[PDB]
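A single structure is presented below for examination.
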């Protein structure tokens, strides 16, 4: 009967955050702090309409917010953020109690400097 | 046997049947049927003769395969549109398997091969309780799931069960086989009008249960297996004879007597449809299954067979059996003729 | 964030797979190109043959049956 | 199929051990039955018990405690019944 | 008394009775239910913003919403 | 590399079982006043090599069978259980991380019951059938107890992953919050391995022998993971593997050491003792280990 | 007969094992949640006969959500057509991973 | 004395010491110093699938941190 | 070793049901039901299957066939194959071969249905955030919502105990 | 239609015919009843898994435990029949004629 109304390939081109998983998992909480304020727009769109192919502008918005956040954490302290997530990477499933002292180090970096 | 254990087993029979009555989930109905089986197995083999053992074996095999085919029908129902609500089904195949499962559960013509064999080698109390609750338990389920059944199923099983309980029945003097073939014929009657007005089916269920309770109570008042023992009961006591007369004639269904009232209302709300040849066939077979009742009455209370002494000895002892409740059930079962508009007491 | 990447990826497979279907079925009569079989105007969750259809074995076996017997 | 690979390797190596071990050198009681059925029924009650450590994280804890104690209590009543009523005697 | 008669049964009844009673006198059962309730499985779903309600805080740093503090402090 | 992992698990089992035979003979010899086997080379490792290859050499039992296929089908099942039962056991990194492993343990114990019953039926005339029937009874009567006790000791930890067990053993040993439950569990392991002080008084005798001793080492490794042990700092698994091996070896020596000095029980005493003393006590410990985590505000983080 | 002590005592002890979309212990849906909600709202204040003859469209939508029969029929027809045209040889296929 | 039984138990314990240690060495070798990612839930497997998808090598151990942000 | 492994294990499953529905001696029947239960465990674990298929394995292949083989050992003898048994096995293999041949080289096979004939990688989850293996939390109900169900189940097992002892000479 | 359901329904008919026609021993009949039980278990479990019918996922294990205790009752009945007779054939039961 009725045909679907798919979006085009012009909206299906956002600069995708092609980052890996352990760095994204370790960089979650402060990403919840600074960013993730305008993506509850996306969450409320997803739970008031059960229809992606519609809320994709806010998906592009959370994509650019996460990329902007990782740009901002890339430019400043820390570069031992790399040491922190590679300390937490090879520990099986990533328990956050594993590398706790360097978690304190990254917190002290980002707190005293940003 | 302990009396505490028997009270427990009666509690579990009542629990299983009430779970079948009250639940809305399919698993709970299956649990109720299974628990009814598990509890009703040690009511049989109440003695330790091998007759009751083989009877319980046959009963367990047929009852368990009926239970599992019922579960097959339910899992087909959820292979199609799937929810656990006792309602209209969603497959003619699932309804076919389910009504054949319940036809195995309660006494039907392709499936009646276990009923006289299970009733012959057991005492009277086990036969009474199995007839009452094992013909009460599926009727609630059929009353529920009537609006999605191919009618040829129910009507074929009803016609053939009435004529098998008729024709098989002219040959046995084993009174348990007589009552079992009567059960087959009446269950055909009580299943026949399921898709037209089930008030008649449940009223016929009430009347049949009260009648069979009267009949088996009269047999428990003086332990008999054959008709010659009933002629000895004629010699020893006269009031049992007129009770056998009235209760056999009310199993026969004559219009002065209360056993006619379930036939007549069936014929009424069957012939308000375009079914006329099917009522006259069913009522001709209802004339047929009166003949073994009538030769039984001729053997008991009207002609008289020669008697044996030591009935002279049994004269010196007045009767000392306890009846559970015989006279109340008797006059409730036989003088109920002018109370036909207690039809609408039911729905 | 994972949710947004997941939604963009499943809509990416939807768009590319219906493009593949529109390329591939222009011989059969009938055949509207992108009909849901369903009637309501709602985004149903696809069935892992609408997503991972005609991918020839390797990715569908590593995607569906991955966690089921991965350790 | 990874544990099926392990099962296949163990099965094939066991058959190699057996067949290379073989090509090279050339009435009853009721008391027997009661213990098995007692095993069967208490094992089914174990099957009812054993999802208890799955369940202990819910918002209905007192009810879970009550019905878990009811299950072990029923199992204990069955045990004590066949204990007192000469079910396992000699 | 029966402590000499069937002793393991009496010990079983004793630990059974204390297992029955002991959740009544218990200063930790409300702690158990708060721990068990305060762990989310699904997504904490947002809502359409406000009818200018002094609840449902906008930043996840804002402590106006109901949070947990007895977790970190044992 | 995965088949290399499987072969590095199931190649040292023959080494472990044969050296366990020499160790049990030497340890019984020194519980007794005997030295040896030490004439066969230095202290006799070539002595298990030699008697293993001797029993391979020695001519088999002539059939005398009923369903040759069934007769071979029972010990092949016993030895493939003994091989397939070291897969989820964590010394620090197990071969397969599972959602649940302990129910797999109990299920494969029941498959060992199948092995005993099939060998008993396919063996011989009626007297060995009665003996193996009593053996199946006294084996099956304890899988109630061991599964009950294992359930009550994991209930302190809530999850079945068993790496959560090696996490939750970090602070104290689990022998301290459950000593009597662990003690009864150890008695149940003596029951499942079917040794003295419990009676059992075939072909191939070496394969049934192999299944026996791999079952023993299996239960010892599962004990050492289950009730004691120590921590595991990552990027150094040799430390936990050393401490695990030392504790499992001490416990297996204690196991044979308990075997060394006790007479076998009467059979009706065995059933009587199990039912009327372990079964109410297991129920008591289960109901107290149910009602206690709801008391002490400690229900486990079952993720 | 069917009785109603279930409704009479006010203890709804058996209505939660019954359908989907009753509240799961963690608030998750099933696979066909919304189809059920619209179907139940279609056939609620209804005498189960105009449920048979009026809510047919949404019931067929729910059934084809639940089993996905004809959608698999369409996908299977696409697979068989793809097989016969790759057997033919026209456009050695760029529907996999690349052009 | 029991000095003459400790070689037997010692060699058999070494035969029990070997397979888990060699297995853990093969675990650490087959992912480049990483541990093999355990998988019990659909959440962990989908996270692992997007991790091996974004890596470019179709391999989940490279772990691609912070050097593909901008 | 490929995609249709669920279908192939189903073939071995129905072969096992034929293999003891041909009526052998009941210890061969117990062997056939053990093999059938193992491959049914394989099928349901292929659907995953994380708890329930390992759960059946302790009950049927852990507690039921043990007592079936026990009762085969203690009650019946069957002391010595036959035409009828192996002939029914041949006809069952023929019926399975015919049905699966018509599944393979045609569209669909209909008893009275429309079985859409191809191997089932469809349908399946589209990689959702499960996080608790939904079987696990489902069966981790029955103690909050499950008031009536576990009560009548345990009560039925208790009545089963008293029934067994009565028939086997209560008290 | 999730094609495997056809094979499991055909397997149900296999187990049902094996339950109905049975020559000599009652144990084969009871074991094919158990096979039918396993068939219903597997079929309903695959349905509930693919449905994500996650609230009432109790059906497989509870159907299993109930029909398992049914099989226990059948074992006790077969032991009683084999105890009061020599064997457990379908024959030597022709007494109590219908």
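Read from first to last, the chains carry the letters A, B, C, D, E, F, G, H, I and J; within each, the first residue is number 1.
Note that contacts are C-beta pairs under 8 Å (C-beta built on N, C-alpha and C of every residue); 3 or more make two chains touch, one makes a residue touch a chain.
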Steps needed, at minimum, to go from chain F to chain J via contacts: 2
Most central chain, judged by mean C-alpha position against the global CA mean: I
Inter-centroid spacing, chain D versus chain B (mean Cα positions, whole Å): 42
Inter-chain centre distance, chain D versus chain H - centres from mean C-alpha coordinates, in Å: 33
Centre distance in Å when chain A and chain B are each reduced to the mean of their C-alpha atoms: 72
For chain G, residues that touch 2 or more chains besides their own: 14, 16-18, 20, 25-26, 28, 31, 34, 66-69, 72, 75, 79
Where chain B touches two or more other chains, by residue: 27-28, 31, 34, 38, 41, 82, 84
Multi-chain contact sites of chain F, meaning residues that touch two or more partners: 10, 95-99, 103, 133, 140, 143, 234, 280, 283, 287, 290-291, 294, 299
Chain B - residues contacting chain J, complex: 27, 30-31, 34, 38, 41, 50-51, 53-58, 60-61, 64-65, 67-69, 71-72, 75, 78-79, 82, 84, 113, 116-117, 120-121
Residue ranges of chain F touching chain H (in the complex, touch as defined): 1, 4-5, 8-12, 15-16, 18-20, 22-23, 26-27, 29-30, 35-36, 38, 42-45, 91-93, 95, 97-99, 161, 163, 217, 234, 237-238, 241-242, 245, 248-249, 253
Complex contacts: residues of chain H adjacent to chain I: 40-46, 49
Touching residues (chain side chain I, partner chain G) in the complex: 107, 114, 116-118, 122-123, 132, 134, 137, 140-141, 144-145, 147-149
Contact footprint of chain B on chain G as seen in their complex: 1-3, 5-6, 14-15, 17-20, 48, 59, 62-63, 66-67
